[PDB]
Each structure stands twice: as structure tokens, then as C-alpha cells.
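The chain below stands alone, shown as C-alpha cells; this is the form deposited in one PDB entry.
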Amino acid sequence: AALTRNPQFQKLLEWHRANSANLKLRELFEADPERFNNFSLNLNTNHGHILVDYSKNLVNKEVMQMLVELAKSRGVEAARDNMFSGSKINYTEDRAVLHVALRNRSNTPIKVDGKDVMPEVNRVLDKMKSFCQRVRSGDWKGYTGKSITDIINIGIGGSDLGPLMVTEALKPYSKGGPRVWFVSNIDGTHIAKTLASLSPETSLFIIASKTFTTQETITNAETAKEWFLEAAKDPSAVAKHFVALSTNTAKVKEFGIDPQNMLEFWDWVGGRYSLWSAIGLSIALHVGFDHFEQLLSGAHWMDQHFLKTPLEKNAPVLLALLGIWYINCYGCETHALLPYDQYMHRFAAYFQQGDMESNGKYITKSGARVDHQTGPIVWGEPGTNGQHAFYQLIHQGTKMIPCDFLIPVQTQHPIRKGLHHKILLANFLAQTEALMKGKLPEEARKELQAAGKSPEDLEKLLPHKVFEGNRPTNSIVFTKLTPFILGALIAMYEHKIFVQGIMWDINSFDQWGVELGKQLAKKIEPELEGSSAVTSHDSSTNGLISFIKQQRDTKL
């Protein structure tokens, strides 16, 4: 594999073997008073600041140098330029990778097969704006002539997580907008419980699916149509209550959607990089097109930062490099995203797809199997909640877990004269300090003595009360979680993932690994129908099917 054969990697690895055990965060800060200054990036976007403080990491000047050199010798600069220019860097599918084009506010032409994609991008954006005016103003009428009060996005994966996460995060920007609902699971609970809260007269469905043949999405869409038609009793009324985000004109028409309300996107828009496209319709409907444009503008700002900035001070590049250090040298399986923001409660889940489906790969560009780790398992819950759930293990378990802590300085809800946010900030700060510093036996001993512990109880409790510390974190602090700043933040992680994939020599933009489960599911589906025993699989699959057939008739 290219990474393992790379001399900059081998040097980094040998340095780790010889010196990593020596690295103590406490000592690193003690030896260097400029540590925060030299291991952080204060980004002024002109729409707020983003501070990426990576100083609480197990790195020094040499390590960062070794890491930047690796990025260079793995071709990160060339690959990035190739992405931005419309080159077909999705090499297994032979496709361009152009989520950057979707938010290319500068409108500098980006060509795919000799043709600028910007006119088409902007045409769909114009359609989205017009759509939003019609719906938000109440001008768009339902089949009984009433304004729309609820929007229901129906989609899976990239058609669901992005719009969900962003509408949750930008909820304060939704005054005057319709309520937004997300249906994704094929589990009939999801659509059934959504529809129970809705009126057919005032509900508008967005069916998000490029092919318009996605089984889960289309099944959900058809169930919605059936519920709708029970009330409307007129097939021509479907066009007032269903729109599509798709390129399959024929299938969309067949469903009963006016092809005017089919908003297009392109094969160079990956599902997990799609919220910036027509797929963001539910976002624009919820918060308004102006706020949607701001979100796009924030991403564009970060795209430019990533394109133009030298690697040593390039935010997504440094985030990528620190990850490579933890993944390929320390062997850390996971990466935690810990946003101290209740609005960002689905941020971690979003990057589970964005990161894991991108870089959960094992075949390189040459066709060779990797002989090293690739993408990590991404997880997290918002702070402070996580502190009362799993931080016990982060502080005192047996796992090394790189954590990104994120927070806005300014809250959307400065209640009680800022008291809640003061406490939230203090916890954000205290946790990374605690993870770094720990608590020494001498510090814990004084606490037990003051608590009045006997000699034997003291000695028994002492080791339990010690925190070893030396647990590395990033702290990412930003002025306020506005649409612009959120856009920047998402793009930053998109570009982190990109850099990591190049360094691993893998394709961040395909998803061949979802195919087998889809194939096998299609085979099992019709086998479940009848009463006959299924014997066509391994004994477990057969045994599980037998149990299902037996238990589905049981009356409880």
C-alpha cells in the first residue's frame, strides 16, 4: 500500500516508536509558554471567528513538520486541485467530485466534460428560491386551497441526515417557516407516527431520491400518497402536495408529480455531500433561501481557505493530520465529536455517514489491499450530556479516544442573563483541561485526608481517585452558530475527510460496500411472505426466518 511504502510515513512511525511514550501534554505545556499560540488557528471569516485550538494534542514542532511533509508526499496538494477543477477523482465510478461547485458563490467556471457546471447549479438554486417564496408566503395552496403548514422530507442517508442535522442546528432561523419533518426509516413506525400528526390539506412532501427508485424512499413516498389520496380522492391533487429532488423525469411524472417541481442534481454530487444541492430544499423552506445562501457562503469561505492556504496552517489539513497520527501511529479506532450545543445534537450522526461511508475503505487506487488502518468509527453526544453518560470511560477507561469539543461563544438563548451559557462554557473548557492534566496521587490524597478518610480507607480509595490524564483533544470555538458559520464547519470536516482519504490512497467518494446487503435483502424479501420453511441460506438466517414465521401469529 502506498502509505506504508511512503518514507515520510515510515519516519513518522519510527519517531512514534522511539518518542511517543515520552510525550506528556502537561510537560509540553510547561516547556513552552507559546504553545497555544503556535498550535492554534484563529480564522477570521469576516462573519465571525473560528478558533481551531489543536494545542492539547500529543504533538510538537517536529511531529507537525513530519505530518505536513507526509501530506505533501502523498499528493494532497495535487489531489485537492484536481477536485476543484472538475477532474474525475472518483476513479472507480469515473466521476467528478464537485460539492464545492454547489456552493461556488464566486461563479468561476468549473468544467465537467468541457462544460461549465455553474449555470445549471445556479438555475436549480433559482428554482429553489422561487419554490421557497411560493411555499413560505402561503401562496402555494393545498388541494382545499389552504396554505402549507408542514413540510415532510422523505429520503435516506445523504437525502436525510444533512437536511435533518442542519434544520435542527438552525432552528432559531426558522421563524415564519413551515414545520419540518423527516421520514427515513423503512420501519413503518416512522411514516405512521409522522402522518398521525399531519393534515393532508396542509402537508407538502419532498421525495428526495436521484434515481426515484430507492426502495425505502419510494415505499415511504407511496405510503404517504395513499394516505393523502384517501382524503383528497383525486389523483390530480398529488401534484399540489408532492415534489421531487431527482433526475428521473419519467418516474417522477408516473408518481403524479408535476415535472416542473422536479429539482435536479448531478452524478458529481455524492449523497453524503448533497445538502448543498437541491437536496437542501427542506432547509431553504424551513429557514428561508437567504439563510440557505449564507450556509452555502460559509462552505465557500472554507473551500477557499482549504484551496489557498499553506498546509502548515490549513485547518482541515491539520485536523486530517492529527487524525492520521492517532489512527495510524497510536492505533485509535474512534474519533468523538462532542458539540456543546443542543441544536447541534445530530452533528455527530451526520459525520458518521460523512466520515465512515467515505473512508471506511480497504482498496487503494492501485487495486492493492490496505495494510494499515483507514477511517475511524465516529461517535458522540452533545455536551454536557455526554459528561453524565460516557466520559467516565474517556477519563478512566483503557481506550485512547481523540475528541473534538465544539462550542459557540454566543448562545441563541441567553436566558437568566447568560447563566446557563456561562456554565456550559465552563464545562467545555474544564473537560479538555481535565483530560489533559488529570489528577495526581498527591492531589487526590489531600482530598481524601480532608474528607476525613482513615489510613486504610485512604490507601484503598486512592488509585480509584487518580486521573492519569494525557488524553488529547481539539477545541473548536466559534463566535456564534449562524448559517454561515455552520456552513464553514461542515465544509471543514468534509475537507478533513478528503485529505485523510488521499493520504490512505483510497476513494473517499464511492460506496461499493453497501451493495452486498442490498442484494441479499432483495432475495429474502419474497421468502418471508408464505408459510413454507426457508432453507436457502445458512442455518442462522434460516433459523431466524423460522422464528419470525412462527412468532408473527402469536397473540400477546
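When you see a residue number, it is the position in the sequence shown, counting from 1. Think of the rigid core as the biggest set of C-alphas that the two forms share within 1.5 Å after superposition.
Here the subject shifts to the form deposited in another entry, a form of this protein not shown in this document.
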Option from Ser73, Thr149, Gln412, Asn248 moving between this form and the one not shown, CA shift at or above 2 Å, rigid core reference: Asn248
Cα displacement of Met344 between this form and the one not shown reaching 2 Å, rigid core superposed: no
CA of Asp258, rigid core aligned, shift of 2 Å or more between this form and the one not shown: yes
